[PDB]
Amino acid sequence: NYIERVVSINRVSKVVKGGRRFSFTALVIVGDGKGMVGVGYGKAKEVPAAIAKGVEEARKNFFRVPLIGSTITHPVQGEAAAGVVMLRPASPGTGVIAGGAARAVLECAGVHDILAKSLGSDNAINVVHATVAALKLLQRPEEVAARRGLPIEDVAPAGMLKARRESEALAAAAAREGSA
RNA sequence: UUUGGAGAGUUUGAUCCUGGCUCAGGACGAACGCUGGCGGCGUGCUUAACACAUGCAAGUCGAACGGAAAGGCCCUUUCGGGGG
């Protein structure tokens, strides 16, 4: 059930003795819709083969996204070559609101509620890399408290833990109709 | 202890970056074009502090005053009017 999302298709041109020898590049994000996401860049003579290579590269380099509900743990500004993407968590119902690249990677990760904004290098590839760098900079409170050597309560805020418990209930207790 | 940022196109054979230009949105004391049924609530010289016909826009008090021109009342009466 992996959700896949192409963001950009570009006809690139090598030049040779005869002339322009073309190919196609597909930027394909794929995700589980629940927090695992991967990015791929497929380069191939034909568009569908490019997309397939992108899918394969993505499913190879999947990575897991920290979440507290259907948003992210904390705000974070990821940088790439020159893509700069701030991410800011958001209350539920405001909706993932972002440009098509950040939007695609977030929607494939399953982040339905988030604030995002590209601040440099409108190019979708570097934007996606910047967004991914942000998501990799993300830090779940459990591993944070481990990193500190403390409880979770005295490093994380009560609002985050409230939403955490709420989401955990709505996951487990509401998985009853799926498990039975 | 609550909150709220979307991008796209365009330099190149193609790429990335920078960088500008443009667009998508919202608003208006608005104007124009096409069109036009109803109501409600508002709103209307943003320019010539340019010139202005005309009519109204600051009067009131007779319990401040002399008074009595118009009405009123009463005497008068040639019914013309005259007095208080």
Side-chain angles (χ1 to χ4, degrees), chain A residues 3-31 33 37 39-51 53-54 57-58 61 65-135 137-138 141 151-167:
Chain A
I3 189 180
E4 85 305 341
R5 189 61 43 74
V6 309
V7 53
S8 73
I9 287 280
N10 192 22
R11 195 184 67 156
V12 305
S13 63
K14 189 172 162 176
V15 175
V16 302
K17 209 191 294 177
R20 278 74 62 80
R21 200 179 165 83
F22 302 101
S23 88
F24 289 93
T25 44
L27 183 57
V28 188
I29 308 102
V30 78
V37 75
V39 169
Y41 181 78
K43 197 196 78 168
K45 292 278 151 295
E46 206 75 38
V47 164
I51 284 153
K53 287 162 139 179
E57 200 192 347
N61 67 1
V65 175
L67 308 162
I68 43 171
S70 180
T71 195
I72 51 158
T73 310
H74 58 77
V76 59
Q77 178 166 121
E79 198 169 13
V84 174
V85 179
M86 63 81 54
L87 304 178
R88 184 156 147 171
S91 45
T94 192
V96 58
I97 41 179
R103 176 178 274 286
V105 59
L106 293 160
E107 284 167 341
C108 295
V111 183
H112 316 104
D113 312 315
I114 191 166
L115 261 57
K117 175 49 151 151
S118 192
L119 298 159
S121 179
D122 49 358
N123 178 267
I125 310 98
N126 304 331
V127 163
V128 163
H129 286 327
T131 300
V132 167
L135 299 173
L137 283 176
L138 286 174
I152 192 170
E153 274 68 50
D154 56 60
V155 303
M160 177 186 285
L161 301 198
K162 190 177 156 195
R164 177 81 289 195
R165 289 187 265 88
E166 210 78 28
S167 60

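Excluded from the calculations below are hydrogen atoms, water molecules and symmetry mates; all remaining heavy atoms, backbone and side chain alike, are included. Throughout, a chain's letter reflects where its sequence line sits, starting with A, and its residues are numbered from 1.
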### Query
Roughly how far apart, to the nearest Å, are B/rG19 and B/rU11 at atom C1'?
10 Å
### Summary
Heavy atoms of A/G83 and A/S121 approach each other most closely as N-CB, 3.7 Å
### Syn/anti state of B/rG5 by chi, 90° boundary around 0
syn
### Query
B/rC38 and B/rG37, neighbours in the strand: six-membered ring centres under 5.5 Å and planes under 30°?
yes
### Message
Can you measure A/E79 atom CD to B/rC16 atom P for me and round it to whole angstrom units?
### Response
17 Å
### Query
What pucker, north or south, follows for B/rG5 from the sign of the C1'-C2'-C3'-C4' torsion?
south
### Task
Look only at the side chain of A/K14 and the backbone of A/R21, and say whether a donor-acceptor pair between them is shorter than 3.5 Å.
no
### Task
Please indicate yes or no: do B/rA69 and B/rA70 satisfy both the under-5.5 Å centre distance and the under-30° plane angle for their six-membered base rings?
yes
### Task
Please determine, for B/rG42, whether a Watson-Crick or G-U wobble partner exists with both distances under 3.5 Å, and give it or none.
none
### Message
Can you check the distance between B/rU46 and B/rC28, where both ends of the measurement are the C1' atom (answer in whole Å)?
### Response
11 Å
### Query
Going by the side chain to side chain donor-acceptor pair (under 3.5 Å) test, which pairs reach into residues 80-90 of chain A, not counting sequence neighbours?
none
### Separation between the P atoms of B/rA27 and B/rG40, rounded to whole Å
25 Å
### Summary
Assigned chi class of B/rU46 under the 90° convention is syn
#### Entry: Rounded distance in Å between the P positions of B/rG25 and B/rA6
15 Å
### Task
Using a 4.0 Å heavy-atom cut-off, write out nucleotides 2-15 of chain B from 5' to 3' as B (base contacted by protein), S (sugar-phosphate only) or - (no contact).
--BBBSS----BSS
### Task
Would you indicate, from the sign of the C1'-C2'-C3'-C4' dihedral, whether B/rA6 has a north or a south sugar?
south
### Message
Work out how far the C1' atom of B/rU2 is from that of B/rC16, and round it to whole angstrom.
### Response
42 Å
### Query
Between the side chain of A/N61 and the main-chain N/O of A/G40, is any donor-acceptor distance below 3.5 Å?
no
### Query
If you measure from the P atom in B/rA51 to the same atom in B/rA69, how many Å do you get, rounded?
49 Å
### Task
Taking atom P in both B/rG9 and B/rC17, compute the distance separating them and give it to the nearest angstrom.
12 Å
### Query
Is B/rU78 stacked onto B/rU77, using centres under 5.5 Å and an interplanar angle under 30°?
no
### Task
For B/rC32 versus B/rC45, give the span between their P atoms, rounded off to a whole number of Å.
16 Å
### Message
Do the six-membered rings of B/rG25 and B/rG26 lie with centres under 5.5 Å apart and planes under 30° from parallel?
### Response
yes
### Message
Is B/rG4 paired with B/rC61? Use Watson-Crick or G-U wobble and require both distances under 3.5 Å.
### Response
no
### Summary
The Watson-Crick or G-U wobble partner of B/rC73, with both key distances under 3.5 Å, is B/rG84
### Query
Is the base of B/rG4 syn or anti, if syn means a glycosidic angle within 90° of 0?
syn
### Query
Would a 4.5 Å heavy-atom cut-off, applied to side chains only, mark A/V127 and A/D122 as touching?
no
### Query
Are the side chain of A/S13 and the backbone N or O of A/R20 linked by a donor-acceptor pair below 3.5 Å?
no
### Message
A/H74: which residues meet the side-chain hydrogen bond (donor to acceptor under 3.5 Å, both in side chains) condition with it, sequence neighbours left out?
### Response
none
### Summary
Ring of B/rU78, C1'-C2'-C3'-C4' positive counted as north and negative as south, is tagged south
#### Entry: A/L87 CG to A/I114 CD1 distance, which is reported to the nearest 0.5 Å
4.5 Å
### Message
With both key distances required to be under 3.5 Å, would you call B/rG80 and B/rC65 a Watson-Crick or wobble pair?
### Response
no
#### Entry: Separation of A/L67 CG from A/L138 CG (nearest 0.5 Å)
8.5 Å
### Query
North or south sugar at B/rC28, going by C1'-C2'-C3'-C4' (positive north, negative south)?
south
### Message
I want to know if B/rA6 and B/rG7 are stacked - that is, whether their six-membered base rings have centres under 5.5 Å apart and planes under 30 degrees.
### Response
no
### Query
Does B/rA58 have its sugar in the north or the south range once you look at the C1'-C2'-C3'-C4' torsion?
south
